[PDB]
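**Student:** got an experimental structure here, sequence first:
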Amino acid sequence: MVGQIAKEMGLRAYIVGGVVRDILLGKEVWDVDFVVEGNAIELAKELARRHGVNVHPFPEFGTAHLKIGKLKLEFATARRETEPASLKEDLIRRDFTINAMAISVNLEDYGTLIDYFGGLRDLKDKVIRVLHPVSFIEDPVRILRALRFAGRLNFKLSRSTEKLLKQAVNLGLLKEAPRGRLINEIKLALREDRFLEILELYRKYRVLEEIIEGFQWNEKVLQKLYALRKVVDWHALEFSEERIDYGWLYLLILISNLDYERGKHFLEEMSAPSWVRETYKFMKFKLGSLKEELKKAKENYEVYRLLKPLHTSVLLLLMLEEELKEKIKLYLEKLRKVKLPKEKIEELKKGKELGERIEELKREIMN
RNA sequence: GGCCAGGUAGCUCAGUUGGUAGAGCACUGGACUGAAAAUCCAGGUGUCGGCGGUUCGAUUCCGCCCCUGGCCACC
Ligand SMILES: Nc1ncnc2c1ncn2[C@@H]1O[C@H](COP(=O)(O)OP(=O)(O)OP(=O)(O)O)[C@@H](O)[C@H]1O
């Protein structure tokens, strides 16, 4: 219906950005980005009016958001910078060639992909390429983004883009960039399943040394990251109903050798979940003594008492130890699974004493 | 859209090793009165947001959502 309304208004609307990319990548998303030559606001208002849904106008930005079913629509007016601006001018201000393309929703040319910079070729060649040599200088945040994309889509930076990126990092532009955009970029990064590869790209171009103060790469942390990769794989395989956010674990591994001050400050900036802060504060101190207690574990009930109160994240961190691995697993798929019939429990009940008694019965069953 | 608080009576507010809930003023009833108020005895002051899951047992552990306020990402 968008092409129809745009036809009535004598306008030109287009699907633009990553939304296009994901379409060519086959991935279907509920968020669609529109670029409109002429006023996008009235188009969005009319579209929202015909479908009988609410509209969220932003005149100063010149963009309007409206939701139809599960679809989230954003209409934006064509702009040359972040006289009427052409579509080409609006696409050339973007980051990479794969994100620079567009698909016309206008009824006449409908279905046509509009690509000026050859982003289709780069998409087919798996290449992350900047539009202009000053790209990373303009927006240093992109330095992360590229890597992130190269992590997700398993693409490669072009020689141009790579040299330009390395130059951009060498100038320390990553420090000049707004802290918030960078932190948000990392937050976007850790949510990826291929995020480990993104971390490899972060190590290669050494951006984390720039962003995080006092951070340096070593081998033990890397091996811990691959071990955590395996553990995450297994846990998300068998226990997949129990899944949590895995990226935060990797983030904790990265900052493990860092000072508690810088760690707490960084996790503060990252707006990390509560369980992440708890798992970190537990990892920095009590984790060692906990492991030492797990080494002294003989009966299964002691293992129970030492494990069950802990979160899943702590357990996954405990699986990093080779000796503790099979123990943790045994606690997972076996130890904590058990129950009791009616009459028996009825005899058990005859306050806290019921709990202590139940514990005595459990340690009676285990050992 | 991300996160942090806040969610406890009608209103304004505390509560951690899971184990049988609280304050200040409104609420009912009776003693008291010509009526009413005060006051006394008392006692409702409540599925401690909603829905599932783990647990013998969840305000608490977790997951998904509702509401309100604040930090922002608001390309
Ligand atoms: N820093 C930037 N510089 C230039 N263009 C950008 C920048 N950030 C975003 N864009 C453009 O705006 C669009 C915003 O899309 P969005 O913010 O959802 O990110 P994305 O590329 O879609 O990845 P994701 O879906 O993971 O967020 C992108 O398609 C990109 O082309």
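**Tutor:** Structure's in. What do you need? Residues are numbered from 1 along each chain as shown, chains lettered A, B, ... in the order given.
**Student:** residues in contact with residue A:31?
**Tutor:** A:19, A:72, A:74 (CB atoms under 8 Å, 6 or more residues apart in numbering). From N, CA and C alone the C-beta is placed, and that goes for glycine too.
**Student:** swap the cut-off to 7 Å and go again
**Tutor:** A:19, A:72 (CB atoms under 7 Å, 6 or more residues apart in numbering).
**Student:** please report the distance of it from the ligand.
**Tutor:** Separation of residue A:31 from the ligand (CB to the nearest ligand atom, to the nearest Å) stands at 7 Å.
**Student:** can you check residue A:270 too?
**Tutor:** 17 Å.
**Student:** my guess is that residue meets residue A:185, correct?
**Tutor:** No: look at residue A:270 against residue A:185 with CB atoms under 7 Å: they stay out of range, at 11.1 Å.
**Student:** which other helices and strands does the top helix by length along chain A contact?
**Tutor:** Determined from DSSP state H, the single longest helix within chain A is helix A:219-238. Packing partners of helix A:219-238 (3 or more CB pairs under 7 Å, 6 or more residues apart in numbering; DSSP states H and E): helix A:195-204, helix A:247-254.
**Student:** need the winner for burial among these.
**Tutor:** helix A:247-254 (a mean of 22; mean count of other CB atoms under 10 Å).
**Student:** and the angle from the helix or strand following that helix to helix A:247-254?
**Tutor:** Sequence-wise, the next helix or strand downstream of helix A:247-254 (DSSP states H and E) is helix A:260-269. Angular relation of helix A:260-269 and helix A:247-254 on a 0 to 180 degree scale: 160 degrees, by axes from the mean of the first three to the mean of the last three CA atoms, to 10 degrees.
**Student:** flag every buried residue along helix A:260-269.
**Tutor:** Buried residues in helix A:260-269, defined by neighbour count with 16 or more other CB atoms under 10 Å: A:263-264, A:266-267, A:269.
**Student:** same question for stretch A:289-304.
**Tutor:** A:290-291, A:294, A:297, A:300-304.
**Student:** what distance separates the start and the end of stretch A:295-315?
**Tutor:** Taking CA to CA, to the nearest Å, stretch A:295-315 runs 15 Å from one end to the other.
**Student:** which residues in chain A form strands?
**Tutor:** Under the criterion DSSP state E, chain A contains strands at A:12-16, A:31-37, A:56-58, A:63-68, A:71-77, A:102-104, A:113-114, A:127-128, A:156-157.
**Student:** same for the last one, what does it pack against?
**Tutor:** In this case it means strand A:156-157. strand A:127-128, helix A:142-152.
**Student:** in JSON lines: these, plus mean neighbour count.
**Tutor:** JSON lines is the format used below for the helices and strands packed on strand A:156-157 (neighbours: other CB atoms under 10 Å):
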{"stretch": "strand A:127-128", "mean neighbour count": "24"}
{"stretch": "helix A:142-152", "mean neighbour count": "23"}
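**Student:** picking up where we left off before, looking at the strands of chain A, which is closest to residue A:201?
**Tutor:** strand A:156-157 (8.6 Å; CB to CB).
**Student:** partners of that closest one in the sheet?
**Tutor:** strand A:127-128 (parallel) (DSSP bridges).
**Student:** so the partner strand, near the ligand or not?
**Tutor:** No: applying CB under 6 Å from any ligand atom, one finds strand A:127-128 out of contact with the ligand, separated by at least 11.7 Å.
**Student:** and that strand, how far out from the chain's middle?
**Tutor:** Relative to its chain's centre, strand A:127-128 lies at 20 Å (CA atoms, centre = their mean, to the nearest Å).
**Student:** ditto for stretch A:132-145
**Tutor:** On CA atoms, centre = their mean, the centre of stretch A:132-145 falls 20 Å from that of its chain.
**Student:** out of the helices and strands packed on helix A:219-238, which gets nearest to residue A:180?
**Tutor:** So among those, helix A:247-254 is nearest, using CB to CB, at 17.3 Å.
**Student:** re the thing from before, what would the helices and strands packed on helix A:219-238 look like in JSON lines with distance to the ligand?
**Tutor:** Shown next, in JSON lines, are those (distance: least, CB to the nearest ligand atom, whole Å):
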{"stretch": "helix A:195-204", "distance to the ligand": "12"}
{"stretch": "helix A:247-254", "distance to the ligand": "14"}
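**Student:** make TSV out of these and add distance to residue A:163.
**Tutor:** TSV is the format used below for the helices and strands packed on helix A:219-238 (distance: least, CB to CB, whole Å):
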stretch	distance to residue A:163
helix A:195-204	14
helix A:247-254	27
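**Student:** for RNA strand B, what is the nearest residue in the stretch 251-367 of chain A?
**Tutor:** residue A:355 (3.0 Å; CB to the nearest atom of the strand).
**Student:** typed the wrong thing, it's the stretch 151-300 of chain A
**Tutor:** residue A:180 (2.2 Å).
**Student:** that residue and residue A:187: what is the separation?
**Tutor:** 10 Å (CB to CB, to the nearest Å).
**Student:** neighbour count winner among these two?
**Tutor:** Legend: neighbour count by other CB atoms under 10 Å for residue A:180 and residue A:187, higher for residue A:187 (15 against 10).
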